[PDB]
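Chemist: Next comes the structure file work_5.cif, holding mmCIF, C-alpha atoms and all ligand atoms.
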data_protein
loop_
_atom_site.label_atom_id
_atom_site.label_comp_id
_atom_site.auth_asym_id
_atom_site.auth_seq_id
_atom_site.Cartn_x
_atom_site.Cartn_y
_atom_site.Cartn_z
CA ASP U 1 138.42 95.24 117.74
CA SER U 2 135.89 93.15 115.80
CA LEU U 3 137.43 90.87 113.15
CA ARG U 4 136.18 91.23 109.58
CA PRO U 5 136.74 87.88 107.82
CA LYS U 6 136.35 88.11 104.04
CA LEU U 7 133.54 86.37 102.15
CA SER U 8 134.72 82.96 100.95
CA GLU U 9 134.45 81.74 97.34
CA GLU U 10 131.57 79.47 98.44
CA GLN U 11 129.87 82.34 100.30
CA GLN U 12 130.07 84.63 97.25
CA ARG U 13 128.64 81.75 95.21
CA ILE U 14 125.80 81.15 97.72
CA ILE U 15 124.73 84.83 97.49
CA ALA U 16 124.95 84.74 93.66
CA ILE U 17 122.72 81.64 93.58
CA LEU U 18 120.17 83.17 95.98
CA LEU U 19 120.02 86.50 94.11
CA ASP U 20 119.51 84.60 90.86
CA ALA U 21 116.87 82.39 92.53
CA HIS U 22 114.94 85.47 93.67
CA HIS U 23 115.06 87.20 90.26
CA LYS U 24 113.65 83.98 88.77
CA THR U 25 110.81 83.82 91.33
CA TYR U 26 109.92 87.47 92.00
CA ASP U 27 108.38 89.60 89.25
CA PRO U 28 108.83 93.27 90.36
CA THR U 29 106.36 94.42 87.67
CA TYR U 30 103.60 92.15 89.03
CA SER U 31 102.34 91.51 85.48
CA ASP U 32 100.66 88.22 86.46
CA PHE U 33 98.22 89.89 88.87
CA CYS U 34 95.55 90.46 86.20
CA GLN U 35 95.30 86.67 85.78
CA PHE U 36 93.89 86.35 89.33
CA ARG U 37 90.19 86.42 90.17
CA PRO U 38 89.38 90.16 90.09
CA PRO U 39 89.57 92.26 93.29
CA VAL U 40 86.19 93.38 94.64
CA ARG U 41 85.88 96.24 97.14
CA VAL U 42 82.46 96.67 98.77
CA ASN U 43 82.04 99.40 101.40
CA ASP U 44 82.39 98.05 104.96
CA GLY U 45 83.11 101.20 107.02
CA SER U 46 81.57 95.46 109.87
CA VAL U 47 82.70 91.92 110.77
CA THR U 48 79.23 90.55 109.92
CA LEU U 49 79.33 92.15 106.43
CA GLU U 50 82.98 91.11 106.12
CA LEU U 51 82.29 87.39 106.53
CA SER U 52 79.01 87.71 104.62
CA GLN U 53 80.75 88.98 101.47
CA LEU U 54 84.44 88.01 101.76
CA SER U 55 84.84 90.19 98.65
CA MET U 56 88.64 90.46 98.67
CA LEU U 57 89.26 86.79 99.53
CA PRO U 58 89.22 85.28 95.99
CA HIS U 59 91.80 87.84 94.79
CA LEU U 60 94.08 87.64 97.85
CA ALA U 61 93.80 83.83 98.04
CA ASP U 62 95.01 83.79 94.42
CA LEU U 63 97.79 86.22 95.41
CA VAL U 64 98.90 83.94 98.27
CA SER U 65 98.61 80.70 96.26
CA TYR U 66 100.69 82.30 93.48
CA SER U 67 103.23 83.46 96.09
CA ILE U 68 103.44 79.94 97.62
CA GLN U 69 104.28 78.52 94.17
CA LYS U 70 107.10 81.06 93.87
CA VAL U 71 108.43 80.28 97.37
CA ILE U 72 108.50 76.55 96.50
CA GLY U 73 110.46 77.51 93.36
CA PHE U 74 112.80 79.69 95.45
CA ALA U 75 113.29 76.93 98.05
CA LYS U 76 114.39 74.38 95.44
CA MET U 77 117.24 76.72 94.45
CA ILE U 78 118.49 77.17 98.05
CA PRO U 79 121.92 75.49 98.48
CA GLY U 80 121.37 72.45 100.73
CA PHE U 81 117.58 72.15 100.30
CA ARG U 82 118.25 69.57 97.57
CA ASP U 83 120.02 67.23 100.03
CA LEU U 84 116.98 67.00 102.35
CA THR U 85 114.36 64.26 102.23
CA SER U 86 111.28 65.39 100.30
CA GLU U 87 109.23 64.78 103.46
CA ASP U 88 111.41 67.30 105.34
CA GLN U 89 111.21 69.65 102.34
CA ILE U 90 107.38 69.78 102.54
CA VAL U 91 107.38 70.16 106.35
CA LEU U 92 109.66 73.21 106.11
CA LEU U 93 107.70 74.70 103.19
CA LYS U 94 104.28 74.32 104.81
CA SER U 95 105.30 75.79 108.17
CA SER U 96 107.25 78.69 106.61
CA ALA U 97 104.98 79.52 103.62
CA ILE U 98 103.02 82.38 105.24
CA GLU U 99 106.19 83.65 106.96
CA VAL U 100 108.14 83.87 103.68
CA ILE U 101 105.16 85.51 101.92
CA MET U 102 105.12 88.22 104.61
CA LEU U 103 108.88 88.64 104.12
CA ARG U 104 108.79 88.85 100.32
CA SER U 105 105.77 91.20 100.40
CA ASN U 106 108.12 93.88 101.80
CA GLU U 107 109.47 94.56 98.29
CA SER U 108 105.97 95.79 97.34
CA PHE U 109 105.27 97.50 100.67
CA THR U 110 105.64 101.28 100.69
CA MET U 111 105.71 103.78 103.55
CA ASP U 112 104.18 106.45 101.29
CA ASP U 113 100.70 105.36 102.40
CA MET U 114 101.40 102.16 104.37
CA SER U 115 100.26 99.76 101.64
CA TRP U 116 101.42 96.93 99.39
CA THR U 117 101.67 98.60 95.97
CA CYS U 118 101.87 96.10 93.10
CA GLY U 119 100.75 98.71 90.61
CA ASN U 120 98.51 100.44 89.71
CA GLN U 121 95.35 101.37 91.61
CA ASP U 122 93.45 98.06 91.58
CA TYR U 123 96.40 96.11 93.03
CA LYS U 124 97.07 98.47 95.94
CA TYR U 125 96.35 96.58 99.17
CA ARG U 126 95.48 98.55 102.31
CA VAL U 127 94.40 97.45 105.81
CA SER U 128 90.73 97.61 104.76
CA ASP U 129 91.36 95.06 101.97
CA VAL U 130 92.77 92.49 104.40
CA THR U 131 89.75 92.99 106.69
CA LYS U 132 87.51 92.55 103.62
CA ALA U 133 89.17 89.12 103.27
CA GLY U 134 87.97 87.99 106.72
CA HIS U 135 90.93 88.86 108.97
CA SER U 136 90.82 90.89 112.20
CA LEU U 137 93.09 93.77 113.29
CA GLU U 138 94.84 91.41 115.75
CA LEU U 139 96.86 90.11 112.78
CA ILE U 140 96.79 93.15 110.47
CA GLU U 141 98.11 95.80 112.88
CA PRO U 142 101.27 93.84 113.92
CA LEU U 143 101.76 92.89 110.24
CA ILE U 144 102.08 96.56 109.23
CA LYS U 145 104.33 97.13 112.28
CA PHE U 146 106.52 94.28 111.01
CA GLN U 147 106.63 95.57 107.40
CA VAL U 148 107.52 99.10 108.55
CA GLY U 149 110.18 97.80 110.96
CA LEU U 150 111.62 95.66 108.14
CA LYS U 151 111.61 98.59 105.69
CA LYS U 152 113.56 100.77 108.15
CA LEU U 153 116.35 98.16 108.27
CA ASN U 154 117.22 99.15 104.65
CA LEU U 155 118.29 95.59 103.84
CA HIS U 156 120.49 94.90 100.85
CA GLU U 157 118.87 92.49 98.39
CA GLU U 158 121.70 90.11 99.35
CA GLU U 159 120.52 90.26 102.98
CA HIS U 160 116.84 90.03 102.02
CA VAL U 161 117.29 86.78 100.06
CA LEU U 162 119.52 85.35 102.80
CA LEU U 163 116.89 86.10 105.45
CA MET U 164 114.17 84.35 103.41
CA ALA U 165 116.43 81.30 103.00
CA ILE U 166 117.27 81.18 106.73
CA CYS U 167 113.54 81.45 107.44
CA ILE U 168 112.74 78.43 105.22
CA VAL U 169 115.60 76.21 106.45
CA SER U 170 114.82 76.11 110.19
CA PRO U 171 115.67 73.13 112.43
CA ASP U 172 113.14 74.14 115.13
CA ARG U 173 110.02 73.44 113.08
CA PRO U 174 107.29 71.07 114.32
CA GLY U 175 107.60 67.77 112.44
CA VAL U 176 111.23 67.85 111.26
CA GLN U 177 113.13 64.56 110.94
CA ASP U 178 116.80 65.36 110.29
CA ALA U 179 117.14 68.56 112.34
CA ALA U 180 120.96 68.30 112.26
CA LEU U 181 121.03 68.56 108.46
CA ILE U 182 118.60 71.50 108.46
CA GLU U 183 120.69 73.11 111.23
CA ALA U 184 123.86 72.62 109.13
CA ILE U 185 122.23 74.20 106.06
CA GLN U 186 120.97 77.13 108.16
CA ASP U 187 124.38 77.61 109.78
CA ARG U 188 125.89 77.86 106.29
CA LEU U 189 123.33 80.56 105.44
CA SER U 190 123.57 82.39 108.80
CA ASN U 191 127.38 82.54 108.64
CA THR U 192 127.23 84.00 105.12
CA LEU U 193 124.73 86.60 106.39
CA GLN U 194 126.91 87.46 109.43
CA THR U 195 130.01 87.73 107.23
CA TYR U 196 128.24 89.87 104.60
CA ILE U 197 127.00 92.42 107.17
CA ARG U 198 130.49 92.92 108.65
CA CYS U 199 132.06 93.03 105.16
CA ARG U 200 129.59 94.94 103.03
CA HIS U 201 127.10 96.87 105.16
CA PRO U 202 128.27 100.41 106.07
CA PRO U 203 129.57 102.07 108.23
CA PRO U 204 129.69 99.58 110.11
CA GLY U 205 129.41 101.32 113.50
CA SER U 206 126.52 99.14 114.65
CA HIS U 207 126.77 95.60 113.23
CA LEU U 208 123.74 95.00 115.47
CA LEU U 209 121.70 94.51 112.27
CA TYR U 210 121.98 90.71 112.48
CA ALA U 211 120.37 90.63 115.94
CA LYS U 212 117.59 92.84 114.56
CA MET U 213 117.16 90.42 111.65
CA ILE U 214 116.91 87.40 113.98
CA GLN U 215 114.26 89.38 115.88
CA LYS U 216 112.20 89.75 112.68
CA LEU U 217 112.21 85.96 112.35
CA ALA U 218 110.69 85.72 115.84
CA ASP U 219 108.12 88.39 114.88
CA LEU U 220 107.15 86.10 111.99
CA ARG U 221 106.70 83.17 114.40
CA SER U 222 104.02 84.98 116.42
CA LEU U 223 102.40 86.34 113.24
CA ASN U 224 102.31 82.78 111.89
CA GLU U 225 100.52 81.62 115.06
CA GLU U 226 98.01 84.48 114.83
CA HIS U 227 97.25 83.89 111.13
CA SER U 228 96.82 80.19 111.93
CA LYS U 229 94.17 81.03 114.56
CA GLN U 230 92.38 83.40 112.17
CA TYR U 231 92.51 80.97 109.23
CA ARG U 232 90.70 78.33 111.32
CA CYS U 233 87.94 80.88 111.99
CA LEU U 234 87.75 81.89 108.32
CA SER U 235 87.29 78.23 107.35
CA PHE U 236 84.17 78.11 109.59
CA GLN U 237 82.39 80.39 107.10
CA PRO U 238 80.23 78.25 104.74
CA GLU U 239 81.24 78.18 101.03
CA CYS U 240 84.67 79.56 102.01
CA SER U 241 86.90 76.89 100.44
CA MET U 242 85.42 77.99 97.09
CA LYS U 243 87.12 81.39 97.49
CA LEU U 244 90.49 79.78 98.32
CA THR U 245 92.72 77.44 96.28
CA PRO U 246 93.59 73.72 96.72
CA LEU U 247 97.18 74.82 97.46
CA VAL U 248 96.13 77.39 100.10
CA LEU U 249 93.76 74.75 101.51
CA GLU U 250 96.56 72.18 101.87
CA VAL U 251 99.17 74.57 103.32
CA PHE U 252 96.92 76.14 106.00
CA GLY U 253 94.07 73.62 106.45
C1 LIG A 1 103.66 89.02 95.06
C2 LIG A 1 104.45 89.66 96.20
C3 LIG A 1 104.46 88.82 97.49
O1 LIG A 1 104.49 87.42 97.20
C4 LIG A 1 103.32 89.15 98.44
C5 LIG A 1 102.53 90.24 98.34
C6 LIG A 1 101.62 90.42 99.19
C7 LIG A 1 100.76 90.59 99.98
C8 LIG A 1 99.83 90.70 100.83
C9 LIG A 1 99.16 91.87 100.88
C10 LIG A 1 98.02 92.13 101.83
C11 LIG A 1 98.11 91.23 103.06
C12 LIG A 1 98.34 89.76 102.73
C13 LIG A 1 97.05 89.20 102.12
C14 LIG A 1 99.48 89.53 101.73
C15 LIG A 1 100.69 89.06 102.53
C16 LIG A 1 100.14 88.43 103.81
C17 LIG A 1 98.75 89.04 104.03
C18 LIG A 1 97.72 88.08 104.68
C19 LIG A 1 97.94 88.02 106.20
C20 LIG A 1 97.65 86.67 104.11
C21 LIG A 1 96.22 86.13 104.16
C22 LIG A 1 96.10 84.75 103.51
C23 LIG A 1 94.72 84.10 103.64
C24 LIG A 1 93.62 85.01 103.11
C25 LIG A 1 94.70 82.78 102.88
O2 LIG A 1 94.45 83.82 105.02
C26 LIG A 1 102.70 91.26 97.22
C27 LIG A 1 104.02 91.12 96.45
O3 LIG A 1 105.06 91.80 97.18
#
Taking this structure as input, can you express it in the form of structure tokens?
Modeler:
Amino acid sequence: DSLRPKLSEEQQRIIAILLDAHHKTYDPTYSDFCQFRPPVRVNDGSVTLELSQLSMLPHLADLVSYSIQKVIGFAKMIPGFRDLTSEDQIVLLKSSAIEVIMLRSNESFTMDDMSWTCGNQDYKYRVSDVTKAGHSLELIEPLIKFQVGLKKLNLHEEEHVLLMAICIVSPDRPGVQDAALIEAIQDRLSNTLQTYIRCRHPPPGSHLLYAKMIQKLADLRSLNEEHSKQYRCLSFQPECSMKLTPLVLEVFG
């Protein structure tokens, strides 16, 4: 009884652009990782030791800064993002940066051992590594829950890039000027996503995937708020900005 409208020429183009944007901004071999400040793993088996050392912070801060640069690159290739004022472009990028990083990290996340595997042994990131970077389990546990839940959706790469774009272009972000434009750009992306699922995703017996995808966006909202709280506490540690990057400092500070 549910209508299945075909993907329009513009919608097929939008997907093509977004897939191409992602392949230009996501290296699945993670060959740049060795250029970061080296990962250090001291035995913790302690929140006092954690903040004392912050051993994994320089590496992960470089990982996040690098990721932010890629997201910016990805955003500029999103259809519509061009038409926005640069002031609205920054607003959207700053408030969605950590959300989109959590999204795009799912391509490296594996349910083999519940880790982010970016090769090879050194660049395998477990729960203990994130703690060693000065974050508590209040963020880390729900983050893994999110990643696992997202993995089980078995998203097509077409859906994965669309979801990242919808995430970035959000009219309900604190500080937006032209919310109607952002809403129009998001509607264009959402409609393409809704059409694609009904068209391309099998069987389809339960097209209830879209509602599950919108739920993931809300999961990101609360994760964003929790990371924000924990970042503020990390920044209280003396000589902490040293371990971060000017870009990470601007986005979260
Ligand atoms: C490069 C690809 C993608 O961009 C993200 C990846 C990742 C990852 C991550 C692996 C371990 C946890 C993270 C460090 C990131 C993603 C978000 C996590 C935390 C909460 C961010 C903390 C930031 C700060 C220390 C400044 O507070 C791997 C690849 O899939």
Chemist: Go through the chains and note each residue within 8 Å of ligand LIG 1 (chain A), using only C-alpha atoms and all ligand atoms, then give the set as a PyMOL selection string.
Modeler: chain U and resi 26-28+30+57+60-61+63-68+70+98+101-109+115-118+125-127+129-130+133-135+139-140+143+227+230-231+234+244+248+252
Chemist: Select, from U:114, U:40, U:242, U:92, the residue with the minimum atom-to-atom distance to residue 179 (chain U), counting all atoms listed in the file.
Modeler: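 Ranked by minimum distance to residue 179 (chain U), first place goes to U:92.
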Chemist: Pull the neighbourhood of (97.1, 101.4, 88.9) for me: all residues within 12 Å in file coordinates, counting only C-alpha atoms, as an mmCIF file with C-alpha atoms, keeping the file's coordinate frame.
Modeler:
data_model
loop_
_atom_site.group_PDB
_atom_site.id
_atom_site.type_symbol
_atom_site.label_atom_id
_atom_site.label_comp_id
_atom_site.auth_asym_id
_atom_site.auth_seq_id
_atom_site.Cartn_x
_atom_site.Cartn_y
_atom_site.Cartn_z
ATOM 1 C CA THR U 29 106.360 94.420 87.670
ATOM 2 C CA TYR U 30 103.600 92.150 89.030
ATOM 3 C CA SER U 31 102.340 91.510 85.480
ATOM 4 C CA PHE U 33 98.220 89.890 88.870
ATOM 5 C CA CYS U 34 95.550 90.460 86.200
ATOM 6 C CA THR U 117 101.670 98.600 95.970
ATOM 7 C CA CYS U 118 101.870 96.100 93.100
ATOM 8 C CA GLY U 119 100.750 98.710 90.610
ATOM 9 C CA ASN U 120 98.510 100.440 89.710
ATOM 10 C CA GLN U 121 95.350 101.370 91.610
ATOM 11 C CA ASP U 122 93.450 98.060 91.580
ATOM 12 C CA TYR U 123 96.400 96.110 93.030
ATOM 13 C CA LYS U 124 97.070 98.470 95.940
ATOM 14 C CA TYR U 125 96.350 96.580 99.170
#
Chemist: Let me make sure I understand: among U:162, U:97, U:111, U:7, which one has the smallest atom-to-atom distance to residue 20 (chain U) if we use only C-alpha atoms?
Modeler: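 Under the stated criterion, the closest residue is U:162.
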Chemist: When you count all atoms listed in the file, which of these residues is closest to residue 169 (chain U): U:155, U:47, U:100, U:15?
Modeler: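 Using all atoms listed in the file, residue 169 (chain U) sits closest to U:100.
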Chemist: So, with all atoms listed in the file as the atoms that count, which of U:16, U:128, U:161, U:86 lies closest to residue 46 (chain U)?
Modeler: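 Ranked by minimum distance to residue 46 (chain U), first place goes to U:128.
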Chemist: Considering only C-alpha atoms, return as a PyMOL selection string whatever protein or nucleic-acid residues lie within 10 Å of residue 24 (chain U), sequence-local ones (same chain, fewer than 4 positions apart) excluded.
Modeler: chain U and resi 18-20+70+73-74+77
Chemist: Between U:184, U:137, U:49, U:91, single out the one closest to residue 223 (chain U), counting all atoms listed in the file.
Modeler: U:137
Chemist: Between CA of residue 36 (chain U) and CA of residue 48 (chain U), what is the spacing in Å?
Modeler: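 These atoms are spaced 25.6 Å apart.
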Chemist: So how many Å separate CA of residue 93 (chain U) and CA of residue 72 (chain U), to one decimal?
Modeler: 7.0 Å
Chemist: Please provide the set of residues having any atom within 12 Å of residue 154 (chain U), restricted to all atoms listed in the file, with same-chain residues fewer than 3 positions apart removed, written as a ChimeraX atom specification.
Modeler: /U:106-107,147-151,157-160,201-202,209,212-213
Chemist: Kindly save the residues from that selection, with C-alpha atoms included, as a PDB file, keeping the file's coordinate frame.
Modeler:
ATOM      1  CA  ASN U 106     108.120  93.880 101.800  1.00  0.00           C
ATOM      2  CA  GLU U 107     109.470  94.560  98.290  1.00  0.00           C
ATOM      3  CA  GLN U 147     106.630  95.570 107.400  1.00  0.00           C
ATOM      4  CA  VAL U 148     107.520  99.100 108.550  1.00  0.00           C
ATOM      5  CA  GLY U 149     110.180  97.800 110.960  1.00  0.00           C
ATOM      6  CA  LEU U 150     111.620  95.660 108.140  1.00  0.00           C
ATOM      7  CA  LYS U 151     111.610  98.590 105.690  1.00  0.00           C
ATOM      8  CA  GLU U 157     118.870  92.490  98.390  1.00  0.00           C
ATOM      9  CA  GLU U 158     121.700  90.110  99.350  1.00  0.00           C
ATOM     10  CA  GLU U 159     120.520  90.260 102.980  1.00  0.00           C
ATOM     11  CA  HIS U 160     116.840  90.030 102.020  1.00  0.00           C
ATOM     12  CA  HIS U 201     127.100  96.870 105.160  1.00  0.00           C
ATOM     13  CA  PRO U 202     128.270 100.410 106.070  1.00  0.00           C
ATOM     14  CA  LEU U 209     121.700  94.510 112.270  1.00  0.00           C
ATOM     15  CA  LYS U 212     117.590  92.840 114.560  1.00  0.00           C
ATOM     16  CA  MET U 213     117.160  90.420 111.650  1.00  0.00           C
TER      17      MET U 213
END
Chemist: Determine the nearest neighbour of residue 243 (chain U) from the options U:21, U:14, U:185, U:51, counting all atoms listed in the file.
Modeler: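 Checking each of U:21, U:14, U:185, U:51 against residue 243 (chain U), counting all atoms listed in the file, the winner is U:51.
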Chemist: What does the distance between CA of residue 214 (chain U) and CA of residue 163 (chain U) come to in Å, to one decimal place?
Modeler: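 If I compute the distance from CA of residue 214 (chain U) to CA of residue 163 (chain U), I get 8.6 Å.
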